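First the structure, in the form of structure tokens, and then the observations on it.
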Amino acid sequence: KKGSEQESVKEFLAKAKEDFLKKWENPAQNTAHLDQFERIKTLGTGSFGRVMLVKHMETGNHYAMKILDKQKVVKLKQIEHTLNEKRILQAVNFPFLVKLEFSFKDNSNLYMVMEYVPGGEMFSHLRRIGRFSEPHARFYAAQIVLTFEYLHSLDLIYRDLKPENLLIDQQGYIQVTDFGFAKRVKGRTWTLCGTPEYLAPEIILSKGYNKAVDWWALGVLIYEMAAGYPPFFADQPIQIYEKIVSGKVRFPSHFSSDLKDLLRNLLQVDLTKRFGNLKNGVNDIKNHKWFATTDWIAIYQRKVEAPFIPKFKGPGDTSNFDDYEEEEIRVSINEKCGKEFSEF
Amino acid sequence: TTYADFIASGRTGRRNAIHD
Ligand SMILES: Cc1cncc2cccc(S(=O)(=O)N3CCCNC[C@@H]3C)c12
Ligand SMILES: Cc1cncc2cccc(S(=O)(=O)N3CCCNC[C@@H]3C)c12
């Protein structure tokens, strides 16, 4: 069924693509400097560096600053992925994607300054509560459905969906962060990347893959949210991989028959049977019985009352994040890896 | 139960990405 609603979506996406392409072809560079920011506290870490809460001295606004050590990025062969991340993030604009406000680099590091999202990682809230009710999980899943509709329309694959990468804002809505493995590609791509529990079978089997991997991952996410544990787990990655390729899933006894039916279609090992990848595209998911009560337009416009609103005691509050050890930011007197990060 | 098996497993914390 094509109707007026589907035509309005098509028109919105056409205009969004025009906007994206102007920024894609002419990316912003060097729009701030380190000493414009007061560093307050570390909010999170990774392999390339860390994320810190900072205050912009001229406006008094708080932001989350991601810092990447250029030498570590080279050592781990993530040069191209880091260039993809920044070029994509500065070009996108959607209600459920974190906004990149500034970017710059110095002799040692790359910096990306984003909006501060104070509600914490969905990961934290999920492990604490155990599991979300079906209506709670559906509210979040709808936001990711609309996000992947937007991203895929721009020829982007996201490739790292998991509760650790979803933050909850003050209104209880989701913001997707970490675009470290996002790529703009027409056609197939081949890199082995993502998180073991969330990897599609075609990635593991080295087959060449496309946007359908993101729809698999959404199946994994919905299961984990509704069960409290992922569908494929073990203590060692190789044991996880074995389970993923077998095509055997067990559902908890409390899953509704409609949830089970959606998940059998998202967790389809065979590419040409997987929801999101058939002729009706994303509409096979949006029209599924599990989503019959969902008002897609109201979700987009943020008019649905969220089931959970995190506690926030004033600007600058970090109580929804864990504590981490504070390291000094070292900036060398000589420039490192200048050629490699020329376009950043 | 499966949930009890999960919470006693070695992967209940934040999961890092892998890469080539
Ligand atoms: C707290 C925070 C708050 N606001 C914006 C953010 C943007 C990116 C990453 C973070 S972050 O959570 O520090 N971050 C990276 C560290 C690894 N875990 C994934 C997670 C999403 C932000
Ligand atoms: C995105 C990209 C972007 N710009 C330059 C590039 C140069 C070489 C490889 C790539 S790449 O596609 O990132 N790449 C390397 C990473 C592993 N997968 C193989 C593939 C050829 C580039």
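We name chains A, B, ... following the order of the structure tokens; residues begin at 1 in each chain, and ligands are numbered from 1 as shown.
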Considering only C-alpha atoms and all ligand atoms, tabulate each residue of chain B that lies at most 12 Å from ligand 1 along with its nearest interatomic pair and the corresponding distance in Å to one decimal; arrange the rows by chain and ascending residue number and present them as CSV.
```
residue,atom,partner,partner_atom_place_in_ligand_line,distance
B:13,CA,ligand 1,18 (N),11.1
B:14,CA,ligand 1,18 (N),7.6
B:15,CA,ligand 1,18 (N),8.8
B:16,CA,ligand 1,17 (C),8.3
B:17,CA,ligand 1,17 (C),10.0
```
With C-alpha atoms kept, could you save the residues just selected as a tab-separated table (two decimals), in the first residue's frame?
```tsv
chain	number	residue	atom	x	y	z
B	13	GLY	CA	29.82	-5.65	31.02
B	14	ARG	CA	30.30	-3.16	28.20
B	15	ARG	CA	31.27	-4.97	25.02
B	16	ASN	CA	34.11	-3.65	22.84
B	17	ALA	CA	34.07	-3.71	19.06
```
Report task. Show me which residues sit within 9 Å of ligand 2 when counting only C-alpha atoms and all ligand atoms, and put them as number ranges by chain. Result -> A: 77-81, 83-84, 183-185, 189-192; B: 20
Give me a file of those residues, with N, CA, C and O atoms, as an mmCIF file, in the first residue's frame.
```
data_model
loop_
_atom_site.group_PDB
_atom_site.id
_atom_site.type_symbol
_atom_site.label_atom_id
_atom_site.label_comp_id
_atom_site.auth_asym_id
_atom_site.auth_seq_id
_atom_site.Cartn_x
_atom_site.Cartn_y
_atom_site.Cartn_z
ATOM 1 N N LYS A 77 45.142 0.533 12.634
ATOM 2 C CA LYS A 77 44.698 0.581 11.231
ATOM 3 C C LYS A 77 43.279 1.128 11.088
ATOM 4 O O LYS A 77 42.476 0.592 10.337
ATOM 5 N N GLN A 78 42.975 2.207 11.816
ATOM 6 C CA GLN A 78 41.622 2.772 11.808
ATOM 7 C C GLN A 78 41.600 4.165 11.179
ATOM 8 O O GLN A 78 40.695 4.911 11.427
ATOM 9 N N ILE A 79 42.586 4.478 10.340
ATOM 10 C CA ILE A 79 42.686 5.787 9.722
ATOM 11 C C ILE A 79 41.436 6.059 8.894
ATOM 12 O O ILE A 79 40.773 7.073 9.055
ATOM 13 N N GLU A 80 41.118 5.135 8.012
ATOM 14 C CA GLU A 80 40.024 5.366 7.073
ATOM 15 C C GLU A 80 38.686 5.428 7.792
ATOM 16 O O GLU A 80 37.827 6.249 7.456
ATOM 17 N N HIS A 81 38.502 4.563 8.778
ATOM 18 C CA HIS A 81 37.256 4.563 9.564
ATOM 19 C C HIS A 81 37.048 5.853 10.336
ATOM 20 O O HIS A 81 35.920 6.318 10.452
ATOM 21 N N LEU A 83 38.306 8.874 9.422
ATOM 22 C CA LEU A 83 37.932 9.839 8.398
ATOM 23 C C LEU A 83 36.466 9.713 7.988
ATOM 24 O O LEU A 83 35.770 10.743 7.889
ATOM 25 N N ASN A 84 35.985 8.480 7.749
ATOM 26 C CA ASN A 84 34.553 8.241 7.530
ATOM 27 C C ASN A 84 33.689 8.818 8.649
ATOM 28 O O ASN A 84 32.707 9.510 8.369
ATOM 29 N N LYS A 183 29.866 3.986 7.094
ATOM 30 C CA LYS A 183 30.503 4.095 5.786
ATOM 31 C C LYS A 183 29.459 4.427 4.759
ATOM 32 O O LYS A 183 28.373 3.844 4.766
ATOM 33 N N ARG A 184 29.825 5.290 3.835
ATOM 34 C CA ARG A 184 28.984 5.596 2.675
ATOM 35 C C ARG A 184 29.469 4.759 1.467
ATOM 36 O O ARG A 184 30.580 4.952 0.973
ATOM 37 N N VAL A 185 28.641 3.818 1.033
ATOM 38 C CA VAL A 185 29.024 2.899 -0.037
ATOM 39 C C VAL A 185 27.791 2.508 -0.807
ATOM 40 O O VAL A 185 26.781 2.143 -0.198
ATOM 41 N N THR A 189 30.353 -4.234 0.875
ATOM 42 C CA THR A 189 31.592 -3.922 1.571
ATOM 43 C C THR A 189 32.016 -5.169 2.360
ATOM 44 O O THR A 189 31.227 -6.104 2.462
ATOM 45 N N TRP A 190 33.259 -5.205 2.846
ATOM 46 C CA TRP A 190 33.883 -6.483 3.244
ATOM 47 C C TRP A 190 34.570 -6.470 4.622
ATOM 48 O O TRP A 190 34.982 -7.523 5.099
ATOM 49 N N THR A 191 34.680 -5.311 5.289
ATOM 50 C CA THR A 191 35.477 -5.255 6.520
ATOM 51 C C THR A 191 34.829 -6.022 7.646
ATOM 52 O O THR A 191 33.645 -5.964 7.847
ATOM 53 N N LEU A 192 35.642 -6.770 8.381
ATOM 54 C CA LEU A 192 35.184 -7.454 9.599
ATOM 55 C C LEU A 192 35.238 -6.467 10.759
ATOM 56 O O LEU A 192 36.324 -6.106 11.226
ATOM 57 N N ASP B 20 39.496 -5.990 11.953
ATOM 58 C CA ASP B 20 40.562 -6.692 11.216
ATOM 59 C C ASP B 20 41.928 -6.151 11.659
ATOM 60 O O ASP B 20 42.122 -4.942 11.751
#
```
Report task. Mind listing the helix (DSSP H, G or I) residues of chain B, per DSSP on the backbone, as number ranges by chain? Result -> B: 2-7
Spatial neighbours of residue A:114, max dist 12 Å, only C-alpha atoms, sep filter under 6 positions, as a tab-separated table (two decimals) with N, CA and C atoms, in the first residue's frame:
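This is the output file selection30.tsv:
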```
chain	number	residue	atom	x	y	z
A	51	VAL	N	36.28	10.10	26.17
A	51	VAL	CA	35.28	11.14	26.06
A	51	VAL	C	35.18	11.87	27.40
A	52	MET	N	35.28	13.20	27.37
A	52	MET	CA	35.27	14.06	28.55
A	52	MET	C	34.13	15.05	28.49
A	53	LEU	N	33.50	15.33	29.62
A	53	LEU	CA	32.62	16.48	29.76
A	53	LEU	C	33.49	17.72	29.79
A	54	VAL	N	33.16	18.69	28.94
A	54	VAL	CA	33.85	19.97	28.90
A	54	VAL	C	32.85	21.14	28.92
A	55	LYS	N	33.33	22.32	29.31
A	55	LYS	CA	32.56	23.55	29.26
A	55	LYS	C	33.19	24.51	28.27
A	56	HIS	N	32.39	25.00	27.34
A	56	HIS	CA	32.82	26.02	26.38
A	56	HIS	C	32.86	27.37	27.13
A	61	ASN	N	28.18	26.73	27.67
A	61	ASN	CA	27.50	25.47	27.34
A	61	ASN	C	28.41	24.28	27.67
A	62	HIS	N	27.82	23.21	28.17
A	62	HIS	CA	28.51	21.92	28.30
A	62	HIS	C	28.40	21.07	27.03
A	63	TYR	N	29.46	20.29	26.76
A	63	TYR	CA	29.58	19.40	25.58
A	63	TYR	C	30.38	18.16	25.99
A	64	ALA	N	30.25	17.09	25.20
A	64	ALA	CA	31.04	15.88	25.37
A	64	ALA	C	32.10	15.90	24.28
A	65	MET	N	33.38	15.81	24.66
A	65	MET	CA	34.49	15.92	23.74
A	65	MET	C	35.14	14.57	23.60
A	66	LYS	N	35.11	14.01	22.39
A	66	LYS	CA	35.83	12.76	22.10
A	66	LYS	C	37.23	13.08	21.64
A	67	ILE	N	38.22	12.43	22.27
A	67	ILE	CA	39.64	12.68	21.97
A	67	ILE	C	40.26	11.39	21.41
A	86	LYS	N	34.07	11.21	10.97
A	86	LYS	CA	33.94	12.65	11.04
A	86	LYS	C	33.21	13.28	9.84
A	89	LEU	N	29.46	12.31	10.25
A	89	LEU	CA	28.80	12.94	11.38
A	89	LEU	C	28.56	14.46	11.19
A	90	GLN	N	29.48	15.15	10.53
A	90	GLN	CA	29.29	16.58	10.30
A	90	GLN	C	28.20	16.85	9.25
A	97	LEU	N	20.03	11.28	16.25
A	97	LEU	CA	21.48	11.23	16.08
A	97	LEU	C	22.13	12.36	16.87
A	98	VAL	N	23.23	12.06	17.57
A	98	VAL	CA	23.92	13.08	18.34
A	98	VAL	C	24.52	14.13	17.39
A	99	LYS	N	24.44	15.41	17.79
A	99	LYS	CA	24.87	16.52	16.96
A	99	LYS	C	26.37	16.77	17.21
A	100	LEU	N	27.15	16.82	16.13
A	100	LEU	CA	28.55	17.24	16.20
A	100	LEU	C	28.60	18.76	16.09
A	101	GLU	N	29.09	19.43	17.13
A	101	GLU	CA	29.11	20.89	17.17
A	101	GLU	C	30.42	21.48	16.67
A	102	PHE	N	31.56	20.87	17.03
A	102	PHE	CA	32.88	21.34	16.59
A	102	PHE	C	33.85	20.20	16.34
A	103	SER	N	34.84	20.44	15.51
A	103	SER	CA	35.93	19.48	15.34
A	103	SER	C	37.21	20.23	15.05
A	175	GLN	N	19.48	8.91	21.56
A	175	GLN	CA	20.43	9.48	20.63
A	175	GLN	C	21.49	8.45	20.31
A	176	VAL	N	21.73	8.23	19.03
A	176	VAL	CA	22.72	7.29	18.54
A	176	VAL	C	24.04	8.03	18.48
A	177	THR	N	25.05	7.45	19.11
A	177	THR	CA	26.40	7.95	19.03
A	177	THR	C	27.36	6.87	18.45
A	178	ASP	N	28.63	7.19	18.42
A	178	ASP	CA	29.62	6.35	17.84
A	178	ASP	C	29.37	5.92	16.39
```
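Those residues of chain A that fall within 8 Å of chain B when using only C-alpha atoms read residues 123, 160, 164, 191, 192, 193, 194, 195, 196, 228, 229, 233, 234 and 235 of chain A.
Checking A:9, A:76, A:14, A:117 one by one against residue A:312, counting only C-alpha atoms, you find the shortest gap at A:117.
In terms of minimum interatomic distance to residue A:306, A:135 ranks closest within A:180, A:276, A:230, A:135, counting only C-alpha atoms.
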Query raised in the report: How far is it from atom CA of residue A:339 to atom CA of residue A:88, in Å with one decimal?
Result: 20.2 Å
Report task. Using DSSP on the backbone coordinates, identify the residues of stretch 33-109 of chain A assigned to strand (DSSP E or B); present them as a PyMOL selection string. Result -> chain A and resi 37-45+49-56+62-69+97+100-105+109
Report task. Tell me, as a list in words, which residues lie within 6 Å of stretch 206-211 of chain A, counting only C-alpha atoms; anything in the same chain fewer than 2 positions away does not count. Result -> residues 157, 188, 189, 190, 202, 203, 204, 213 and 214 of chain A
